[PDB]
Amino acid sequence: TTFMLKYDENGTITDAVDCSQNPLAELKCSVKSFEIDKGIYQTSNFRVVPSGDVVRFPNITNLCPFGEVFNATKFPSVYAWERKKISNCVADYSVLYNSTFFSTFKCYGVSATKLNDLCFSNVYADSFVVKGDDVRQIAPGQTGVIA
Amino acid sequence: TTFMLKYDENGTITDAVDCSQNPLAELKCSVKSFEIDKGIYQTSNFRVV
Amino acid sequence: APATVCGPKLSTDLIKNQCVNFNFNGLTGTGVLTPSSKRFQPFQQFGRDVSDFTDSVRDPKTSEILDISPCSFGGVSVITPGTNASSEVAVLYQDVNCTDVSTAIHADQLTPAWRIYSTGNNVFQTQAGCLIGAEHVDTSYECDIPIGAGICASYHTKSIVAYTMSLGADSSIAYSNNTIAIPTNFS
Amino acid sequence: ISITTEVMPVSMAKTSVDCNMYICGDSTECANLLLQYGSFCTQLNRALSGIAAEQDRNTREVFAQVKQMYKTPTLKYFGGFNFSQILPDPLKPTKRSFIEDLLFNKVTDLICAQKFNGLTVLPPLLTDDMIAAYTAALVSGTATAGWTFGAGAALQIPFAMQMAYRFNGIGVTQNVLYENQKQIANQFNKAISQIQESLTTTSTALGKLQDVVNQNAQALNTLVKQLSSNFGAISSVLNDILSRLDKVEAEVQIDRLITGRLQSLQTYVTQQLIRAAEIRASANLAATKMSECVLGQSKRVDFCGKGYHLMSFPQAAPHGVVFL
Amino acid sequence: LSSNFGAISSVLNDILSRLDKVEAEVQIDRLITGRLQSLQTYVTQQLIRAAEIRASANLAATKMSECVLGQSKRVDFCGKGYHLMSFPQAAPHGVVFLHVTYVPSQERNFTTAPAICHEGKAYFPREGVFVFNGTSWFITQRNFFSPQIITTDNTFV
Amino acid sequence: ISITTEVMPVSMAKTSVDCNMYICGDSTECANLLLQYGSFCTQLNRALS
């Protein structure tokens, strides 16, 4: 709890005010005084939240679309990359993330820990295989290489 | 192009404004209205190279 | 769009009740979640304010139209007589509404969270806020501590009195065809 | 004898922006980062709480000018002079003048729904009923008593004898009233009926006040559009940044967004202090005009009226005073 | 000064004694630009407040010129009632005036008219009211019952 | 009869400023970078206009 202490001139804590004890005691922590003049002041705090609704879309509730991508065999070339549309599949990136299969996981735009929670409208696995010098170079910007 | 849109109280777009149509329409996109009273207004920059 | 790639979270059901941590497809926050009458073409599933807020969403399971009013924030203004004159208990605003806060001080729904608070019993409602603590008396003396929209607080019966404002005093002077009034003594 | 609408703005909206709710709508993951800026809340919320308490002090400087208050006289016809400006009781359900009825239209239990932005408007501490109650007695006492009315208690004077001192206050002799007392009375009642026609249409009592009505409510409309801004963050919405950015990478993206939104209040709360310092200077002017054009006759010229000044009348207005 | 403007700690010599001059520069330049913004906040608060005091000093200077050095005829600028004089008293960072006012008190319900009773065309007073007490007409100054005999020098046609 | 000057300032220099020319006039990548701030093109220019 926020808690006002009155140190003395000599250095002894002689008195104190608990902040959330009274609204009168709330005022004393605001104006930093014990002798409040007659009037009207502020503390401006309000309104905590009881409940939570986490309602989201699917009634169909399919699962794990990208198991047929990463564990799938054929990946085409750089320029001939395939775009795969995913529809109505509840993805679990937490299964994807904690299993360390990947060298570069430059999770741009979002972050993997909070990627499990939110929803989307389409994901597109764009898959292609490059020479290792261009792995860092597939990023926003990085336009210098030919890949 | 910068492009103003009026949404109705219902919700269907009733009218739109191209910003670079005429210098009347630079103003409407600047002050965010259709009905302009009178006077003198702003939207500045000049001179491509 | 119609939200396609979701997460493993289970979907609860909506309530009209205030201050719900709503999570309509990654759109977190809180607020009153009352249904309303808005058009919502099927290619628009997320409505906004006059300037850029999560205002109205479609419930993606039940396809229902509902808008969000946020949780009832505002200032809190305590009203005191002088502590050397009276350390008697303060009376307070809550800058929203009577019934929204009086039904939210029956349990821990506010977060100033005063420990010992023997209130409300004298809960008024004014134009400015709600003004919990003070006793509304229909007499009218003179504005001591200004409240808002023509009412003022003071320290009378000793309690704290949320009287509406009196304007000076009433004076009865008669306009007449003939009568002038000149003074004799002067201070 | 011409009467003149002069319009002084005396107050503005008692705005009290909620610094926490403006910068970060409810998310205590943010409010730790705003807590380590120390005192840019609570010095924000004091610097325009000091405005809002002062915005009633302006209205108490102007109207709370006579001590005791005066009931509306019934026989409004005062020795030739019509007085349709003095709050008719049986006709009007509302308690305000008929000219004042023409004023509140020509601008712009009501509770605000408290939008996501964090803004609110405190109500003015003097209601429009009470402000019209003042301009009842300010018009009534000036018509009935007039002189020690301003100096102290009321000393009643028949209105022709009161005006004859005001002609004597010009310099023109007391004879010149009663020589033309009917012709003076008709020019007075003609001049008011122009005001019930001129400011019906031409938007003048709009004009000076609608500057205060717009510009104070227009800087709110700039302040709410700063929430839509990006400020070098990823998403303009504060809830999106907490929802998808690790809360250690968010503390870059939130902190780039707080310093924008906190600076947009210091842009706003500075300009509200300066507009308050203009309106206070306009209220201190109006507190002298109701002192010196209403409670008495002023001889310092082109200050009250635009000629040799006989008398004046307050009329209530939304956040303003219309003098006649 | 005891803020934390995106830094480790605002005790500024602690930042120099922990982070060594190449990573400290991140922890100080963010700490400066929040601290330097607090001065620009403060000086803006002082410029506006000086404008409010200069407006109150220019108002007090006109009271010093008019309520003190002369007698202001315009009402309720110096005093409350009719104004006689004022005594300026010094005050810490201010001026307290002592506005000596008149404020006439004891009123009398009298009766008057300008249409006086005389065979010739009626008269009008020079600073008078044509007051009438019991069975006698007089003229007085408007703010004091000083009953003068209605004569030629008081009136005109 | 002593006549006395009394000097009274009534106006100052009506100074405007192009906000976008002040911040970065030549660069349009910076003008893209300045665009993601608030209405400081407008409100800063409207304030001293």
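Residue labels used throughout are counted from 1 along each chain in written sequence order rather than taken from the entry, whose numbering may differ, and residues without coordinates are not included. Numbering of ligands from 1 and lettering of chains from A proceed in the order in which they are written. Any value you read here covers just the chains shown, which are one part of a larger assembly. Each side-chain value is worked out from all heavy atoms of the structure, with water and hydrogens disregarded.

- Deposited coordinates in this entry are attributed by the record to cryo-EM, at a stated resolution of 3.7 Å.

Topic: the overall build of chain E
And then number 1: Only runs of H or I of at least four residues qualify as helices and only runs of E of at least two qualify as strands under DSSP, and these elements are numbered from the N terminus. Secondary structure assignment for chain E yields two helices and nine strands.
And then number 2: Ordered by position from the N terminus, the helices and strands of chain E form the series α-α-β-β-β-β-β-β-β-β-β.
And then number 3: In this setup the radius of gyration rests on C-alpha atoms only. A globule is expected at 2.2 Å times the number of residues raised to 0.38. Here chain E has a C-alpha radius of gyration of 34 Å; the compact-globule value for 157 residues is 15 Å, and the former is much larger.
And then number 4: Counting only C-alpha atoms and orienting by the principal axes, one finds that chain E spans roughly 110 × 30 × 25 Å.
And then number 5: The long-range share in chain E, meaning contacts at least 24 apart out of those at least 6 apart in sequence, stands at 25%.
And then number 6: Each accessible area value is a Shrake-Rupley result obtained with a 1.4 Å probe; residue values ignore everything except the protein chains displayed when judging cover. Here chain E displays about 10,000 Å² of accessible surface, and carbon together with sulfur accounts for 59% of that area.
And then number 7: Positive charges come from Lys and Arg alone, negative charges from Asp and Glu alone, with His and the N- and C-terminal ends not counted. Where a charge lies is defined by one atom per residue type, namely NZ (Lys), CZ (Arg), CG (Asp) and CD (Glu). A gap of 6 Å separates the mean positions of the 14 positive and 12 negative side-chain charges of chain E. Contact definition: two residues touch when any of their heavy atoms are within 4.5 Å.

A closer look at the pattern of salt bridges
And then number 1: Whenever a carboxyl oxygen of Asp or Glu lies within 4 Å of a side-chain nitrogen of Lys or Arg, that contact is scored as a salt bridge. Within this structure, the stated rule accounts for 17 salt bridges over all chains.
And then number 2: Of the charged contacts in the structure, one is a salt bridge between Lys-9 of chain C and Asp-117 of chain A, with a shortest N-O distance of 3.4 Å. Here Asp-117 of chain A lies in the loop between α4 (112-115) and β7 (124-127) and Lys-9 of chain C lies in the segment before β1 (46-47), a pairing that spans two chains.
And then number 3: Any residue under 20% of the maximum accessible area for its type is buried, any over 50% is exposed, and the rest in between are partly exposed; the area is computed with a 1.4 Å probe on protein chains only. Residue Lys-9 of chain C is classed as partly exposed on the basis of its relative accessible area, which comes to 38%.
And then number 4: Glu-66 of chain E is the partner of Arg-74 of chain E in a salt bridge, and the nearest nitrogen-oxygen pair spans 3.5 Å.
And then number 5: You can call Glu-66 of chain E partly exposed: its relative accessible area is 30%.
And then number 6: A cluster of three or more residues bridged by salt bridges with shared partners is formed by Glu-292 and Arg-300 of chain D together with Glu-66 and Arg-74 of chain E.

Some details on the interface of chain E and chain D
And then number 1: Every contact between the two is made by 34 residues of chain E and, on the other side, 34 residues of chain D.
And then number 2: Taken together, the two surfaces of chain E and chain D that pack against each other cover about 2,800 Å², and 56% of this comes from carbon and sulfur.
And then number 3: Viewed at the interface, chain D and chain E are joined by two salt bridges.
And then number 4: Between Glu-52 of chain E and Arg-280 of chain D there is a salt bridge, with its nearest N and O atoms 2.9 Å apart.
And then number 5: Two N or O atoms count as a polar contact when they lie within 3.5 Å, although within protein this holds only if one can serve as hydrogen donor and the other as acceptor, and sequence-adjacent residues are included solely when both atoms are side-chain atoms. Counting the contacts that link chain E with chain D gives seven residue pairs in polar contact.
And then number 6: Counting residues per element, the side of chain E that touches chain D draws most heavily on helix α2 (residues 24-68) of chain E, at nine residues.
And then number 7: Within the side of chain E that touches chain D, the residues separate by chemical class into 13 nonpolar, 13 polar and eight charged. Note on definitions: buried area is the accessible-area loss of two parts on being combined, 1.4 Å probe, summed for both. Each residue is assigned to one of three groups, with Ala, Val, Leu, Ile, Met, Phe, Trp, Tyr, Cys and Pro labelled nonpolar, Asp, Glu, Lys and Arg labelled charged, and all others, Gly among them, labelled polar.

Considering the arrangement of the chains
And then number 1: The top pair by number of contacts, from a total of nine pairs of chains in contact, is chains A and C.
And then number 2: The two units chain A and chain E remain apart, with a minimum C-alpha distance of 16 Å.
And then number 3: Nowhere do chain E and chain F come into contact; their C-alpha atoms are at least 14 Å apart.

Thoughts on unusual backbone geometry
And then number 1: Here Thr-119 of chain C and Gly-120 of chain C are connected by a cis peptide whose omega angle stands at 10 degrees.
And then number 2: Mapped onto the fold, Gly-120 of chain C is located in the loop between α1 (98-102) and β6 (145-146).
And then number 3: A positive phi is found at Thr-61 of chain A, a non-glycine position, where the angle reads about 55 degrees.
And then number 4: Among the secondary structure elements, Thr-61 of chain A is positioned in the loop between β3 (39-40) and β4 (62-63).
And then number 5: Even without being a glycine, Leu-131 of chain C presents a positive backbone phi close to 60 degrees.
And then number 6: Tracing the chain through its elements places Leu-131 of chain C in the loop between α1 and β6.

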